[PDB]
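Next up, run_28.cif (mmCIF, N, CA and C atoms):
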```cif
data_my_file
#
loop_
_atom_site.group_PDB
_atom_site.id
_atom_site.type_symbol
_atom_site.label_atom_id
_atom_site.label_comp_id
_atom_site.auth_asym_id
_atom_site.auth_seq_id
_atom_site.Cartn_x
_atom_site.Cartn_y
_atom_site.Cartn_z
ATOM 1 N N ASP H 216 -56.049 -34.737 33.718
ATOM 2 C CA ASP H 216 -57.104 -33.841 33.259
ATOM 3 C C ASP H 216 -56.638 -32.393 33.218
ATOM 4 N N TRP H 217 -56.015 -31.914 34.292
ATOM 5 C CA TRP H 217 -55.575 -30.527 34.356
ATOM 6 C C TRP H 217 -54.547 -30.215 33.277
ATOM 7 N N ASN H 218 -53.602 -31.127 33.052
ATOM 8 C CA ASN H 218 -52.583 -30.999 32.018
ATOM 9 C C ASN H 218 -53.015 -31.636 30.702
ATOM 10 N N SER H 219 -54.319 -31.659 30.427
ATOM 11 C CA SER H 219 -54.861 -32.240 29.207
ATOM 12 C C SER H 219 -54.965 -31.223 28.078
ATOM 13 N N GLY H 220 -54.112 -30.204 28.080
ATOM 14 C CA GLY H 220 -54.243 -29.126 27.121
ATOM 15 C C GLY H 220 -55.412 -28.216 27.415
ATOM 16 N N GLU H 221 -55.849 -28.165 28.672
ATOM 17 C CA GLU H 221 -57.026 -27.399 29.064
ATOM 18 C C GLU H 221 -56.613 -26.343 30.076
ATOM 19 N N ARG H 222 -56.968 -25.091 29.803
ATOM 20 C CA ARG H 222 -56.741 -23.999 30.745
ATOM 21 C C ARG H 222 -57.805 -24.081 31.830
ATOM 22 N N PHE H 223 -57.546 -24.882 32.860
ATOM 23 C CA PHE H 223 -58.529 -25.078 33.916
ATOM 24 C C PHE H 223 -58.866 -23.750 34.580
ATOM 25 N N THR H 224 -60.161 -23.492 34.746
ATOM 26 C CA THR H 224 -60.653 -22.277 35.380
ATOM 27 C C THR H 224 -61.668 -22.658 36.445
ATOM 28 N N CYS H 225 -61.518 -22.088 37.637
ATOM 29 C CA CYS H 225 -62.463 -22.349 38.709
ATOM 30 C C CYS H 225 -63.794 -21.661 38.413
ATOM 31 N N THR H 226 -64.793 -21.962 39.239
ATOM 32 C CA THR H 226 -66.136 -21.426 39.049
ATOM 33 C C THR H 226 -66.728 -20.982 40.379
ATOM 34 N N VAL H 227 -65.910 -20.370 41.232
ATOM 35 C CA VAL H 227 -66.378 -19.936 42.544
ATOM 36 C C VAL H 227 -67.255 -18.701 42.377
ATOM 37 N N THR H 228 -68.442 -18.735 42.976
ATOM 38 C CA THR H 228 -69.402 -17.645 42.897
ATOM 39 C C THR H 228 -69.601 -17.007 44.270
ATOM 40 N N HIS H 229 -70.396 -15.941 44.289
ATOM 41 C CA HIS H 229 -70.686 -15.185 45.498
ATOM 42 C C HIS H 229 -72.071 -15.525 46.037
ATOM 43 N N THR H 230 -72.233 -15.328 47.348
ATOM 44 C CA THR H 230 -73.522 -15.558 47.990
ATOM 45 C C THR H 230 -74.542 -14.485 47.631
ATOM 46 N N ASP H 231 -74.128 -13.218 47.603
ATOM 47 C CA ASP H 231 -75.053 -12.136 47.290
ATOM 48 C C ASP H 231 -75.563 -12.216 45.857
ATOM 49 N N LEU H 232 -74.700 -12.588 44.908
ATOM 50 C CA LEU H 232 -75.083 -12.648 43.506
ATOM 51 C C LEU H 232 -74.192 -13.659 42.807
ATOM 52 N N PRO H 233 -74.728 -14.496 41.911
ATOM 53 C CA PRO H 233 -73.868 -15.464 41.215
ATOM 54 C C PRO H 233 -72.851 -14.786 40.310
ATOM 55 N N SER H 234 -71.572 -14.881 40.670
ATOM 56 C CA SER H 234 -70.477 -14.265 39.920
ATOM 57 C C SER H 234 -69.393 -15.311 39.697
ATOM 58 N N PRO H 235 -69.527 -16.142 38.659
ATOM 59 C CA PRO H 235 -68.510 -17.175 38.417
ATOM 60 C C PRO H 235 -67.200 -16.592 37.912
ATOM 61 N N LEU H 236 -66.181 -16.585 38.768
ATOM 62 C CA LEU H 236 -64.863 -16.074 38.401
ATOM 63 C C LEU H 236 -64.079 -17.200 37.740
ATOM 64 N N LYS H 237 -64.125 -17.251 36.410
ATOM 65 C CA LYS H 237 -63.396 -18.264 35.649
ATOM 66 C C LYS H 237 -61.965 -17.793 35.381
ATOM 67 N N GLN H 238 -61.248 -17.544 36.474
ATOM 68 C CA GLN H 238 -59.870 -17.079 36.386
ATOM 69 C C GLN H 238 -58.960 -18.244 36.014
ATOM 70 N N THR H 239 -58.122 -18.039 34.999
ATOM 71 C CA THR H 239 -57.284 -19.107 34.468
ATOM 72 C C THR H 239 -56.028 -19.301 35.309
ATOM 73 N N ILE H 240 -56.157 -20.008 36.431
ATOM 74 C CA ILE H 240 -54.982 -20.332 37.232
ATOM 75 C C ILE H 240 -54.123 -21.371 36.520
ATOM 76 N N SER H 241 -54.685 -22.064 35.533
ATOM 77 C CA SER H 241 -53.928 -23.016 34.740
ATOM 78 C C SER H 241 -52.998 -22.278 33.778
ATOM 79 N N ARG H 242 -51.890 -22.928 33.438
ATOM 80 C CA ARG H 242 -50.940 -22.342 32.510
ATOM 81 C C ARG H 242 -51.473 -22.433 31.082
ATOM 82 N N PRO H 243 -50.992 -21.572 30.181
ATOM 83 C CA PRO H 243 -51.491 -21.584 28.799
ATOM 84 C C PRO H 243 -50.889 -22.732 28.007
ATOM 85 N N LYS H 244 -51.701 -23.748 27.739
ATOM 86 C CA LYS H 244 -51.284 -24.921 26.989
ATOM 87 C C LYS H 244 -51.522 -24.708 25.500
ATOM 88 N N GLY H 245 -50.540 -25.100 24.701
ATOM 89 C CA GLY H 245 -50.638 -24.961 23.257
ATOM 90 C C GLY H 245 -50.033 -23.654 22.787
ATOM 91 N N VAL H 246 -50.765 -22.940 21.932
ATOM 92 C CA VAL H 246 -50.304 -21.675 21.368
ATOM 93 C C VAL H 246 -49.123 -21.943 20.445
ATOM 94 N N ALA H 247 -47.969 -22.256 21.028
ATOM 95 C CA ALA H 247 -46.781 -22.581 20.254
ATOM 96 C C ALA H 247 -45.733 -23.145 21.198
ATOM 97 N N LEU H 248 -45.087 -24.229 20.779
ATOM 98 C CA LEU H 248 -44.050 -24.879 21.565
ATOM 99 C C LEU H 248 -42.700 -24.607 20.922
ATOM 100 N N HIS H 249 -41.707 -24.292 21.748
ATOM 101 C CA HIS H 249 -40.354 -24.113 21.249
ATOM 102 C C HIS H 249 -39.362 -24.465 22.345
ATOM 103 N N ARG H 250 -38.258 -25.067 21.929
ATOM 104 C CA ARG H 250 -37.198 -25.420 22.857
ATOM 105 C C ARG H 250 -36.593 -24.147 23.435
ATOM 106 N N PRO H 251 -36.570 -23.972 24.757
ATOM 107 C CA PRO H 251 -35.875 -22.806 25.311
ATOM 108 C C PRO H 251 -34.373 -23.015 25.308
ATOM 109 N N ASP H 252 -33.683 -22.374 24.372
ATOM 110 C CA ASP H 252 -32.238 -22.529 24.255
ATOM 111 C C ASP H 252 -31.599 -21.903 25.482
ATOM 112 N N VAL H 253 -30.758 -22.663 26.160
ATOM 113 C CA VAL H 253 -30.099 -22.199 27.373
ATOM 114 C C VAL H 253 -28.600 -22.151 27.136
ATOM 115 N N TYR H 254 -27.999 -21.012 27.467
ATOM 116 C CA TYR H 254 -26.553 -20.852 27.418
ATOM 117 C C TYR H 254 -26.083 -20.479 28.813
ATOM 118 N N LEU H 255 -25.007 -21.103 29.266
ATOM 119 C CA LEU H 255 -24.490 -20.891 30.613
ATOM 120 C C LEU H 255 -23.121 -20.237 30.481
ATOM 121 N N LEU H 256 -23.062 -18.916 30.769
ATOM 122 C CA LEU H 256 -21.870 -18.123 30.541
ATOM 123 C C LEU H 256 -21.155 -17.817 31.856
ATOM 124 N N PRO H 257 -19.823 -17.814 31.844
ATOM 125 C CA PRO H 257 -19.071 -17.657 33.085
ATOM 126 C C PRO H 257 -18.766 -16.198 33.366
ATOM 127 N N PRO H 258 -18.296 -15.883 34.570
ATOM 128 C CA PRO H 258 -18.008 -14.487 34.910
ATOM 129 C C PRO H 258 -16.867 -13.923 34.079
ATOM 130 N N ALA H 259 -16.868 -12.598 33.962
ATOM 131 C CA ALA H 259 -15.857 -11.902 33.183
ATOM 132 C C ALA H 259 -14.495 -11.993 33.870
ATOM 133 N N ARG H 260 -13.440 -11.793 33.076
ATOM 134 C CA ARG H 260 -12.088 -11.857 33.621
ATOM 135 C C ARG H 260 -11.888 -10.805 34.702
ATOM 136 N N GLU H 261 -12.445 -9.610 34.499
ATOM 137 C CA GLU H 261 -12.290 -8.541 35.479
ATOM 138 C C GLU H 261 -12.872 -8.938 36.826
ATOM 139 N N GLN H 262 -14.051 -9.562 36.824
ATOM 140 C CA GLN H 262 -14.678 -9.970 38.075
ATOM 141 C C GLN H 262 -13.779 -10.906 38.870
ATOM 142 N N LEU H 263 -13.269 -11.964 38.236
ATOM 143 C CA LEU H 263 -12.388 -12.894 38.932
ATOM 144 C C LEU H 263 -11.083 -12.235 39.355
ATOM 145 N N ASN H 264 -10.482 -11.424 38.481
ATOM 146 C CA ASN H 264 -9.237 -10.753 38.834
ATOM 147 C C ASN H 264 -9.411 -9.865 40.055
ATOM 148 N N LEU H 265 -10.555 -9.188 40.170
ATOM 149 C CA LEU H 265 -10.802 -8.361 41.344
ATOM 150 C C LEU H 265 -10.761 -9.187 42.624
ATOM 151 N N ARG H 266 -11.015 -10.492 42.525
ATOM 152 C CA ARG H 266 -10.898 -11.423 43.646
ATOM 153 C C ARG H 266 -11.725 -10.943 44.844
ATOM 154 N N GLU H 267 -12.991 -10.651 44.552
ATOM 155 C CA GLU H 267 -13.943 -10.259 45.584
ATOM 156 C C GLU H 267 -15.182 -11.141 45.508
ATOM 157 N N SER H 268 -15.583 -11.497 44.293
ATOM 158 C CA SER H 268 -16.725 -12.373 44.059
ATOM 159 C C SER H 268 -16.765 -12.686 42.567
ATOM 160 N N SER E 323 43.440 -3.297 44.688
ATOM 161 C CA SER E 323 43.599 -4.641 45.212
ATOM 162 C C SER E 323 42.557 -5.570 44.595
ATOM 163 N N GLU E 324 42.770 -6.870 44.787
ATOM 164 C CA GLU E 324 41.860 -7.894 44.298
ATOM 165 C C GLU E 324 40.735 -8.177 45.282
ATOM 166 N N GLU E 325 40.418 -7.216 46.146
ATOM 167 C CA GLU E 325 39.371 -7.359 47.145
ATOM 168 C C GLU E 325 38.149 -6.503 46.862
ATOM 169 N N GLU E 326 38.336 -5.249 46.449
ATOM 170 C CA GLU E 326 37.198 -4.397 46.128
ATOM 171 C C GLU E 326 36.455 -4.913 44.904
ATOM 172 N N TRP E 327 37.180 -5.172 43.814
ATOM 173 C CA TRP E 327 36.532 -5.693 42.616
ATOM 174 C C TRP E 327 35.945 -7.074 42.873
ATOM 175 N N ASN E 328 36.690 -7.937 43.565
ATOM 176 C CA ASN E 328 36.153 -9.242 43.932
ATOM 177 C C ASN E 328 34.950 -9.105 44.853
ATOM 178 N N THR E 329 34.953 -8.096 45.724
ATOM 179 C CA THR E 329 33.795 -7.853 46.576
ATOM 180 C C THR E 329 32.569 -7.506 45.740
ATOM 181 N N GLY E 330 32.779 -6.861 44.596
ATOM 182 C CA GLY E 330 31.684 -6.465 43.734
ATOM 183 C C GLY E 330 31.564 -4.961 43.611
ATOM 184 N N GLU E 331 32.643 -4.249 43.922
ATOM 185 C CA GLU E 331 32.621 -2.794 43.911
ATOM 186 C C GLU E 331 32.229 -2.286 42.530
ATOM 187 N N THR E 332 31.276 -1.359 42.494
ATOM 188 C CA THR E 332 30.819 -0.756 41.244
ATOM 189 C C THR E 332 31.674 0.475 40.979
ATOM 190 N N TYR E 333 32.668 0.325 40.111
ATOM 191 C CA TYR E 333 33.560 1.425 39.786
ATOM 192 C C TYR E 333 32.976 2.264 38.657
ATOM 193 N N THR E 334 33.313 3.554 38.663
ATOM 194 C CA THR E 334 32.786 4.493 37.687
ATOM 195 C C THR E 334 33.913 5.380 37.183
ATOM 196 N N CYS E 335 33.898 5.650 35.882
ATOM 197 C CA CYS E 335 34.905 6.469 35.222
ATOM 198 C C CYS E 335 34.206 7.650 34.569
ATOM 199 N N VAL E 336 34.621 8.863 34.933
ATOM 200 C CA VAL E 336 34.058 10.088 34.382
ATOM 201 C C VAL E 336 35.123 10.775 33.544
ATOM 202 N N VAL E 337 34.682 11.488 32.513
ATOM 203 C CA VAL E 337 35.586 12.195 31.614
ATOM 204 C C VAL E 337 34.871 13.429 31.088
ATOM 205 N N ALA E 338 35.625 14.515 30.941
ATOM 206 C CA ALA E 338 35.101 15.789 30.470
ATOM 207 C C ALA E 338 35.862 16.223 29.226
ATOM 208 N N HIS E 339 35.157 16.291 28.098
ATOM 209 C CA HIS E 339 35.727 16.740 26.838
ATOM 210 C C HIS E 339 34.933 17.925 26.311
ATOM 211 N N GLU E 340 35.644 18.853 25.668
ATOM 212 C CA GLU E 340 34.995 20.037 25.119
ATOM 213 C C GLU E 340 33.979 19.669 24.044
ATOM 214 N N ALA E 341 34.331 18.740 23.152
ATOM 215 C CA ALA E 341 33.442 18.414 22.043
ATOM 216 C C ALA E 341 32.126 17.808 22.510
ATOM 217 N N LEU E 342 32.101 17.183 23.682
ATOM 218 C CA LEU E 342 30.872 16.566 24.154
ATOM 219 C C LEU E 342 29.824 17.642 24.436
ATOM 220 N N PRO E 343 28.554 17.418 24.058
ATOM 221 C CA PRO E 343 27.529 18.444 24.303
ATOM 222 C C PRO E 343 27.415 18.813 25.773
ATOM 223 N N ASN E 344 27.160 17.816 26.623
ATOM 224 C CA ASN E 344 27.062 18.064 28.056
ATOM 225 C C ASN E 344 28.415 18.378 28.679
ATOM 226 N N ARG E 345 29.507 18.165 27.942
ATOM 227 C CA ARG E 345 30.853 18.502 28.392
ATOM 228 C C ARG E 345 31.350 17.517 29.444
ATOM 229 N N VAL E 346 30.500 16.577 29.853
ATOM 230 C CA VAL E 346 30.853 15.575 30.852
ATOM 231 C C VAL E 346 30.108 14.290 30.525
ATOM 232 N N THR E 347 30.761 13.153 30.752
ATOM 233 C CA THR E 347 30.137 11.851 30.563
ATOM 234 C C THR E 347 30.808 10.860 31.499
ATOM 235 N N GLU E 348 30.178 9.701 31.666
ATOM 236 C CA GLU E 348 30.770 8.665 32.498
ATOM 237 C C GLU E 348 30.247 7.304 32.069
ATOM 238 N N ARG E 349 30.988 6.277 32.468
ATOM 239 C CA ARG E 349 30.560 4.891 32.376
ATOM 240 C C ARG E 349 30.847 4.225 33.713
ATOM 241 N N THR E 350 30.399 2.982 33.856
ATOM 242 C CA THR E 350 30.625 2.259 35.096
ATOM 243 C C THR E 350 30.561 0.764 34.838
ATOM 244 N N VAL E 351 31.120 0.005 35.775
ATOM 245 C CA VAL E 351 31.061 -1.450 35.733
ATOM 246 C C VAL E 351 31.437 -1.995 37.102
ATOM 247 N N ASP E 352 30.836 -3.115 37.478
ATOM 248 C CA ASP E 352 31.150 -3.814 38.713
ATOM 249 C C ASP E 352 31.605 -5.230 38.371
ATOM 250 N N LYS E 353 31.805 -6.044 39.409
ATOM 251 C CA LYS E 353 32.243 -7.417 39.189
ATOM 252 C C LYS E 353 31.272 -8.169 38.288
ATOM 253 N N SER E 354 29.973 -8.086 38.581
ATOM 254 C CA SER E 354 28.991 -8.797 37.770
ATOM 255 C C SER E 354 28.942 -8.232 36.356
ATOM 256 N N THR E 355 28.805 -6.910 36.233
ATOM 257 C CA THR E 355 28.739 -6.294 34.912
ATOM 258 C C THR E 355 30.038 -6.495 34.144
ATOM 259 N N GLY E 356 31.113 -6.846 34.844
ATOM 260 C CA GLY E 356 32.378 -7.109 34.193
ATOM 261 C C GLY E 356 32.405 -8.486 33.565
ATOM 262 N N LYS E 357 31.689 -8.648 32.453
ATOM 263 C CA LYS E 357 31.598 -9.936 31.779
ATOM 264 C C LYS E 357 30.973 -10.963 32.714
ATOM 265 N N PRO E 358 29.662 -10.880 32.974
ATOM 266 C CA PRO E 358 29.034 -11.837 33.895
ATOM 267 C C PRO E 358 29.391 -13.275 33.561
ATOM 268 N N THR E 359 30.110 -13.937 34.470
ATOM 269 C CA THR E 359 30.480 -15.329 34.245
ATOM 270 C C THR E 359 29.251 -16.206 34.059
ATOM 271 N N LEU E 360 28.120 -15.806 34.636
ATOM 272 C CA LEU E 360 26.891 -16.580 34.545
ATOM 273 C C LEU E 360 25.719 -15.667 34.860
ATOM 274 N N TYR E 361 24.645 -15.791 34.089
ATOM 275 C CA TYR E 361 23.431 -15.057 34.392
ATOM 276 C C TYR E 361 22.642 -15.773 35.482
ATOM 277 N N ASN E 362 21.686 -15.053 36.059
ATOM 278 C CA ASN E 362 20.758 -15.612 37.033
ATOM 279 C C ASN E 362 19.347 -15.125 36.752
ATOM 280 N N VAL E 363 18.988 -15.041 35.471
ATOM 281 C CA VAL E 363 17.682 -14.516 35.100
ATOM 282 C C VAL E 363 16.594 -15.440 35.624
ATOM 283 N N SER E 364 15.596 -14.854 36.273
ATOM 284 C CA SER E 364 14.477 -15.612 36.817
ATOM 285 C C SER E 364 13.172 -14.888 36.497
ATOM 286 N N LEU E 365 13.013 -14.461 35.248
ATOM 287 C CA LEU E 365 11.857 -13.653 34.901
ATOM 288 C C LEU E 365 10.571 -14.452 35.082
ATOM 289 N N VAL E 366 9.525 -13.755 35.517
ATOM 290 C CA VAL E 366 8.204 -14.337 35.704
ATOM 291 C C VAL E 366 7.196 -13.472 34.964
ATOM 292 N N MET E 367 6.309 -14.115 34.210
ATOM 293 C CA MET E 367 5.319 -13.426 33.390
ATOM 294 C C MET E 367 3.943 -13.744 33.967
ATOM 295 N N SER E 368 3.537 -12.951 34.956
ATOM 296 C CA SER E 368 2.268 -13.179 35.633
ATOM 297 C C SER E 368 1.108 -12.741 34.748
ATOM 298 N N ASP E 369 -0.008 -13.466 34.840
ATOM 299 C CA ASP E 369 -1.212 -13.176 34.065
ATOM 300 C C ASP E 369 -0.867 -12.988 32.584
ATOM 301 N N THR E 370 -0.378 -14.080 31.994
ATOM 302 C CA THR E 370 0.007 -14.044 30.587
ATOM 303 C C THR E 370 -1.128 -13.538 29.710
ATOM 304 N N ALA E 371 -2.371 -13.845 30.072
ATOM 305 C CA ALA E 371 -3.524 -13.412 29.292
ATOM 306 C C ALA E 371 -4.650 -13.044 30.242
ATOM 307 N N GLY E 372 -5.105 -11.798 30.163
ATOM 308 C CA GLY E 372 -6.264 -11.362 30.913
ATOM 309 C C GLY E 372 -6.560 -9.895 30.689
ATOM 310 N N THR E 373 -7.829 -9.571 30.443
ATOM 311 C CA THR E 373 -8.234 -8.192 30.203
ATOM 312 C C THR E 373 -7.556 -7.649 28.951
ATOM 313 N N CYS E 374 -6.237 -7.446 29.018
ATOM 314 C CA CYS E 374 -5.506 -6.930 27.866
ATOM 315 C C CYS E 374 -5.548 -7.909 26.699
ATOM 316 N N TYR E 375 -5.371 -9.196 26.977
ATOM 317 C CA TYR E 375 -5.302 -10.202 25.926
ATOM 318 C C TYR E 375 -5.405 -11.599 26.522
#
```
Here is a file; write its structure as structure tokens.
Amino acid sequence: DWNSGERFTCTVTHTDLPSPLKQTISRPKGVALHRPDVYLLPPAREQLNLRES
Amino acid sequence: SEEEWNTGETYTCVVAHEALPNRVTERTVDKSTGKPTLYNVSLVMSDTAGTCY
């Protein structure tokens, strides 16, 4: 249900006055999907040559 | 004698001529430089490629 493409929002209110805080703790489903292209690049030659880290 | 040169003595010959600009010149040779019977080259090329190329 939570991951049903629905931005689940709670409905907790206050005792003094009804204040439904529909804060979207759920992640934004939909909008647009795209593959996050990941590239894994190694340290520079200078870094290794320095032989410190 | 056949001991100094065989030992490896580095002999030097100096000559002073008027026509020479500096008026003095020299050459030298030792047992090894005297037609090296055999080389002993052991060159090492560290970091063939890095930073520079």
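When the distance limit is 10 Å and only C-alpha atoms are what count, the residues near stretch 346-361 of chain E, minus those fewer than 2 positions from it on the same chain, are residues 326, 327, 328, 329, 330, 331, 332, 333, 334, 335, 336, 337, 338, 339, 340, 341, 342, 343, 344, 363 and 364 of chain E.
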With N, CA and C atoms retained, could you export that selection as a compact mmCIF listing (two decimals), keeping the file's coordinate frame?
```txt
# COMPACT_ATOMS: atom_id res chain seq x y z
N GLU E 326 38.34 -5.25 46.45
CA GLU E 326 37.20 -4.40 46.13
C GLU E 326 36.46 -4.91 44.90
N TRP E 327 37.18 -5.17 43.81
CA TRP E 327 36.53 -5.69 42.62
C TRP E 327 35.94 -7.07 42.87
N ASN E 328 36.69 -7.94 43.56
CA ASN E 328 36.15 -9.24 43.93
C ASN E 328 34.95 -9.10 44.85
N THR E 329 34.95 -8.10 45.72
CA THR E 329 33.80 -7.85 46.58
C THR E 329 32.57 -7.51 45.74
N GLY E 330 32.78 -6.86 44.60
CA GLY E 330 31.68 -6.46 43.73
C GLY E 330 31.56 -4.96 43.61
N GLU E 331 32.64 -4.25 43.92
CA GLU E 331 32.62 -2.79 43.91
C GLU E 331 32.23 -2.29 42.53
N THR E 332 31.28 -1.36 42.49
CA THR E 332 30.82 -0.76 41.24
C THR E 332 31.67 0.48 40.98
N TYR E 333 32.67 0.32 40.11
CA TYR E 333 33.56 1.42 39.79
C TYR E 333 32.98 2.26 38.66
N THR E 334 33.31 3.55 38.66
CA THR E 334 32.79 4.49 37.69
C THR E 334 33.91 5.38 37.18
N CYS E 335 33.90 5.65 35.88
CA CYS E 335 34.90 6.47 35.22
C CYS E 335 34.21 7.65 34.57
N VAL E 336 34.62 8.86 34.93
CA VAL E 336 34.06 10.09 34.38
C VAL E 336 35.12 10.78 33.54
N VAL E 337 34.68 11.49 32.51
CA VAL E 337 35.59 12.20 31.61
C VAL E 337 34.87 13.43 31.09
N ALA E 338 35.62 14.52 30.94
CA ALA E 338 35.10 15.79 30.47
C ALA E 338 35.86 16.22 29.23
N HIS E 339 35.16 16.29 28.10
CA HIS E 339 35.73 16.74 26.84
C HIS E 339 34.93 17.92 26.31
N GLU E 340 35.64 18.85 25.67
CA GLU E 340 34.99 20.04 25.12
C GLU E 340 33.98 19.67 24.04
N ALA E 341 34.33 18.74 23.15
CA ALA E 341 33.44 18.41 22.04
C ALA E 341 32.13 17.81 22.51
N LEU E 342 32.10 17.18 23.68
CA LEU E 342 30.87 16.57 24.15
C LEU E 342 29.82 17.64 24.44
N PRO E 343 28.55 17.42 24.06
CA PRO E 343 27.53 18.44 24.30
C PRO E 343 27.42 18.81 25.77
N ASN E 344 27.16 17.82 26.62
CA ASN E 344 27.06 18.06 28.06
C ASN E 344 28.42 18.38 28.68
N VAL E 363 18.99 -15.04 35.47
CA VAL E 363 17.68 -14.52 35.10
C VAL E 363 16.59 -15.44 35.62
N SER E 364 15.60 -14.85 36.27
CA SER E 364 14.48 -15.61 36.82
C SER E 364 13.17 -14.89 36.50
```
**d(atom N of residue H:260, atom N of residue E:373) in Å** = 6.6 Å
**Request:** Counting only C-alpha atoms, collect the residues of chain H whose closest atom lies at most 10 Å from chain E, and write them out as number ranges by chain.
**Result:** H: 259-261, 264
**Asked** Between atom N of residue E:325 and atom N of residue E:362, what is the distance, to one decimal in Å?
**Response**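 Between these atoms lies a distance of 22.7 Å.
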Write out as an mmCIF file with N, CA and C atoms, keeping the file's coordinate frame each polymer residue whose atoms come within 8 Å of stretch 216-222 of chain H, counting all atoms listed in the file; drop sequence neighbours fewer than 6 positions from it.
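As a result, around_32.cif now contains:
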```cif
data_model
loop_
_atom_site.group_PDB
_atom_site.id
_atom_site.type_symbol
_atom_site.label_atom_id
_atom_site.label_comp_id
_atom_site.auth_asym_id
_atom_site.auth_seq_id
_atom_site.Cartn_x
_atom_site.Cartn_y
_atom_site.Cartn_z
ATOM 1 N N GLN H 238 -61.248 -17.544 36.474
ATOM 2 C CA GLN H 238 -59.870 -17.079 36.386
ATOM 3 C C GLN H 238 -58.960 -18.244 36.014
ATOM 4 N N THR H 239 -58.122 -18.039 34.999
ATOM 5 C CA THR H 239 -57.284 -19.107 34.468
ATOM 6 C C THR H 239 -56.028 -19.301 35.309
ATOM 7 N N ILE H 240 -56.157 -20.008 36.431
ATOM 8 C CA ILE H 240 -54.982 -20.332 37.232
ATOM 9 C C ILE H 240 -54.123 -21.371 36.520
ATOM 10 N N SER H 241 -54.685 -22.064 35.533
ATOM 11 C CA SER H 241 -53.928 -23.016 34.740
ATOM 12 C C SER H 241 -52.998 -22.278 33.778
ATOM 13 N N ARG H 242 -51.890 -22.928 33.438
ATOM 14 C CA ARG H 242 -50.940 -22.342 32.510
ATOM 15 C C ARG H 242 -51.473 -22.433 31.082
ATOM 16 N N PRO H 243 -50.992 -21.572 30.181
ATOM 17 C CA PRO H 243 -51.491 -21.584 28.799
ATOM 18 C C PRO H 243 -50.889 -22.732 28.007
ATOM 19 N N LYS H 244 -51.701 -23.748 27.739
ATOM 20 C CA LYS H 244 -51.284 -24.921 26.989
ATOM 21 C C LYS H 244 -51.522 -24.708 25.500
ATOM 22 N N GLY H 245 -50.540 -25.100 24.701
ATOM 23 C CA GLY H 245 -50.638 -24.961 23.257
ATOM 24 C C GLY H 245 -50.033 -23.654 22.787
#
```
**Asked** Please, what distance in Å, to one decimal, runs between atom CA of residue H:224 and atom CA of residue H:236?
**Response** 8.1 Å
**Prompt:** Quick one: DSSP strand (DSSP E) residues in chain E, as a ChimeraX atom specification?
**Reply:** /E:333-337,347-351
Box along x, y and z, 3 Å on every side, all listed atoms of stretch 342-360 of chain E inside: centre and edge lengths in Å to one decimal, as lines of an AutoDock Vina configuration file.
```
center_x = 29.1
center_y = 1.1
center_z = 31.5
size_x = 12.7
size_y = 41.4
size_z = 21.7
```
**Item:** Shell around residue H:235 at 6.5 Å using only N, CA and C atoms, local window under 4 positions removed, as a list in words
**Value:**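 The contact residues come out as residues 225, 226, 227, 228 and 229 of chain H.
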**Asked** Where does DSSP see helix (DSSP H, G or I) in chain H, if you list the residues as a VMD selection string?
**Response** chain H and resid 260 to 265
